[PDB]
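Working notes, beginning with the structure itself.
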Amino acid sequence: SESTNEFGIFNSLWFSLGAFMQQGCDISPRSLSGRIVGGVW
Amino acid sequence: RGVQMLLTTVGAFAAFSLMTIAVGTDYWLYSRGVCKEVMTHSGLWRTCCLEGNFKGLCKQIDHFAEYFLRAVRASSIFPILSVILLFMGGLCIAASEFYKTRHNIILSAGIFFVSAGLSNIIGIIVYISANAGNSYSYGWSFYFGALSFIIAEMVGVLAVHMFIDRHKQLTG
């Protein structure tokens, strides 16, 4: 049931590395509390 | 799920025992200074002379717009806050031999492990930018606090890793 979403620890790491260099990543958060951190970082 | 029940607790104990050392030891920064221009090893509240006749003598340092940042440096508040937060995280996990299966008993810890970490960020950045006000070099208590942060970033993850499967057992 947790697979209703997937931004686990490793994916929540990988998002950051690609975000740090503009190349981005294969997923990005849907919900606001997730989006806002990208929207700042 | 298993041996992690106990082993995940351990790192907080070291991180907390380390963190108090930086608040008192006068080994943040090496520079020249005065105990009346000889070398000095520098603390939060005071500095102490060495390589001269004043070796082992100390005197206070004091500083009473960036007026509020000045006050934040003069109080050096953030270490105390992060220490309290991490200790309350430990107090959250310290219960877990009783009141088991509440789920809240585990879930409540993560906030402290996050917040102490973030608190250290501001503490560092304020302290560095203020004291920057040249061959200077950072004393070991800086590394102690960084290491405390490094371990503190573990248990926030481990708290979720412990919690989540027991909520899953109620939710699928």
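As shown in the structure tokens, the chain order sets the letters A, B, ...; within each chain, residues go from 1, and ligands are also counted from 1 in the order they appear.
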
Strand (DSSP E or B) per DSSP on the backbone: members of region 19-141 of chain B, as a ChimeraX atom specification: /B:29-32,39-42,46-49,58-60,137-138

Spatial neighbours of region 90-105 of chain B, 12 Å, only C-alpha atoms, chain gap at least 2 places, as a PyMOL selection string: chain B and resi 5-17+83-88+107-113+116+152+155-156+158-160+162-170

At most 10 Å to chain B: residues in chain A, only C-alpha atoms, as a list in words: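 On the chain A side, the interface is residues 1, 2, 3 and 9 of chain A.
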
Could you save those same residues with N, CA, C and O atoms as a short mmCIF file (atom, residue, chain, number, x, y, z; two decimals), in the first residue's frame?
```cif
data_model
loop_
_atom_site.label_atom_id
_atom_site.label_comp_id
_atom_site.auth_asym_id
_atom_site.auth_seq_id
_atom_site.Cartn_x
_atom_site.Cartn_y
_atom_site.Cartn_z
N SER A 1 0.83 -1.20 0.00
CA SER A 1 0.00 0.00 0.00
C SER A 1 0.87 1.26 0.00
O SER A 1 0.44 2.31 -0.47
N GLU A 2 2.08 1.13 0.54
CA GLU A 2 3.05 2.22 0.48
C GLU A 2 3.44 2.58 -0.95
O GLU A 2 3.86 3.71 -1.20
N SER A 3 3.31 1.64 -1.89
CA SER A 3 3.58 1.91 -3.30
C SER A 3 2.54 2.81 -3.95
O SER A 3 2.65 3.07 -5.16
N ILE A 9 13.92 6.84 0.63
CA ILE A 9 15.19 7.44 1.04
C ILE A 9 16.17 7.53 -0.13
O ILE A 9 16.80 8.57 -0.35
#
```

Residues within 8 Å of region 21-32 of chain A, only C-alpha atoms, excluding chain neighbours under 5 positions, as a PyMOL selection string: chain A and resi 7+14-15

Can you list, as a tab-separated table (two decimals) with N, CA and C atoms, in the first residue's frame, every residue of chain A that DSSP puts in alpha helix (DSSP H)?
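Result went into out25.tsv, see below:
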```
chain	number	residue	atom	x	y	z
A	9	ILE	N	13.92	6.84	0.63
A	9	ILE	CA	15.19	7.44	1.04
A	9	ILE	C	16.17	7.53	-0.13
A	10	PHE	N	16.31	6.44	-0.88
A	10	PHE	CA	17.27	6.44	-1.98
A	10	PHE	C	16.80	7.33	-3.12
A	11	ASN	N	15.51	7.29	-3.46
A	11	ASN	CA	14.98	8.19	-4.47
A	11	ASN	C	14.98	9.64	-4.00
A	12	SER	N	14.67	9.88	-2.72
A	12	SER	CA	14.82	11.19	-2.10
A	12	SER	C	16.27	11.65	-1.95
A	13	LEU	N	17.24	10.77	-2.16
A	13	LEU	CA	18.61	11.19	-2.40
A	13	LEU	C	18.84	11.53	-3.87
A	14	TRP	N	18.50	10.60	-4.76
A	14	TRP	CA	18.81	10.77	-6.18
A	14	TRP	C	18.17	12.02	-6.76
A	15	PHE	N	16.94	12.35	-6.33
A	15	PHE	CA	16.32	13.61	-6.74
A	15	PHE	C	17.25	14.79	-6.49
A	16	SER	N	17.94	14.80	-5.35
A	16	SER	CA	18.75	15.95	-4.98
A	16	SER	C	19.96	16.08	-5.89
A	17	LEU	N	20.60	14.97	-6.22
A	17	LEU	CA	21.86	15.02	-6.95
A	17	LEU	C	21.63	15.59	-8.35
A	18	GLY	N	20.62	15.07	-9.05
A	18	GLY	CA	20.25	15.61	-10.35
A	18	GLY	C	19.70	17.02	-10.30
A	19	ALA	N	18.96	17.36	-9.24
A	19	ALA	CA	18.48	18.73	-9.08
A	19	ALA	C	19.62	19.72	-8.89
A	32	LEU	N	2.36	19.11	-2.14
A	32	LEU	CA	2.91	20.45	-1.92
A	32	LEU	C	4.13	20.42	-1.01
A	33	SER	N	4.04	19.69	0.10
A	33	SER	CA	5.15	19.64	1.05
A	33	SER	C	6.40	19.03	0.43
A	34	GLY	N	6.23	18.15	-0.55
A	34	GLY	CA	7.34	17.66	-1.35
A	34	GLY	C	7.83	18.63	-2.40
A	35	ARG	N	6.89	19.25	-3.11
A	35	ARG	CA	7.25	20.19	-4.17
A	35	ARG	C	8.04	21.39	-3.65
A	36	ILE	N	7.63	21.93	-2.50
A	36	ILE	CA	8.22	23.16	-1.96
A	36	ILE	C	9.73	23.04	-1.71
A	37	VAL	N	10.20	21.87	-1.30
A	37	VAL	CA	11.64	21.76	-1.09
A	37	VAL	C	12.40	21.86	-2.41
A	38	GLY	N	11.95	21.19	-3.47
A	38	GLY	CA	12.54	21.44	-4.77
A	38	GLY	C	12.44	22.90	-5.19
```

Determine, counting only C-alpha atoms, which protein, DNA and RNA residues have an atom within 12 Å of an atom of residue 144 (chain B); residues of the same chain fewer than 4 positions away are not included. Present the result as a count of residues only. 21

Would you kindly return, as a list in words, each protein, DNA or RNA residue with an atom no farther than 12 Å from any atom of residue 133 (chain B), considering only C-alpha atoms and excluding same-chain residues fewer than 6 positions away?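 Residues near the query, excluding close chain neighbours: residues 70, 126 and 127 of chain B.
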
Dump as a PDB file, in the first residue's frame, selection limited to N, CA, C and O atoms:
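See out_5.pdb below for the written result:
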```pdb
ATOM      1  N   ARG B  70      24.365  39.947  16.091  1.00  0.00           N
ATOM      2  CA  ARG B  70      25.289  40.178  17.198  1.00  0.00           C
ATOM      3  C   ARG B  70      24.790  39.561  18.501  1.00  0.00           C
ATOM      4  O   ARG B  70      25.547  38.891  19.209  1.00  0.00           O
ATOM      5  N   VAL B 126      26.168  31.139  11.344  1.00  0.00           N
ATOM      6  CA  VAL B 126      26.298  32.338  12.172  1.00  0.00           C
ATOM      7  C   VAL B 126      27.681  32.422  12.813  1.00  0.00           C
ATOM      8  O   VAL B 126      28.352  33.458  12.737  1.00  0.00           O
ATOM      9  N   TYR B 127      28.127  31.340  13.461  1.00  0.00           N
ATOM     10  CA  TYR B 127      29.412  31.364  14.156  1.00  0.00           C
ATOM     11  C   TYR B 127      30.573  31.676  13.215  1.00  0.00           C
ATOM     12  O   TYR B 127      31.446  32.490  13.537  1.00  0.00           O
TER      13      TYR B 127
END
```
